[PDB]
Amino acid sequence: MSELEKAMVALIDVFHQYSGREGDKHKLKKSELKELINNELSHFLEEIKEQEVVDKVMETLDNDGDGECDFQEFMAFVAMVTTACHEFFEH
């Protein structure tokens, strides 16, 4: 598989890894999203330490309004974060 293909499997893996911890095994609840952001995105995002911050992140990602982040919402989240960090190269 190419490196791009392996990158896509890794996105699915990390999602499974956190979404399967608690409750709904196919979505991230606020707590799981907090742990994903803090443990897996520490070079791209500041550590989330206040519930207002977890709440706004989740409010932003949660387009179906169920209070959780499903896989499609997580892919959009990754797209936003990666797009943002790639703007570094856009000058």
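Note that residue numbering begins at 1 and tracks the sequence as displayed.
Legend: mean Cα B-factor per stretch from the PDB entry, 51 to 59 versus 22 to 30; the higher mean is in 51 to 59. Between 8 to 16 and 63 to 71, the higher mean Cα B-factor belongs to 63 to 71.
When the modelled residues of the chain are ordered by their C-alpha B factor, residue 3 lands in the lowest third. Residue-level temperature factors show residue 45 in the highest third of its chain, judged at the C-alpha atom.
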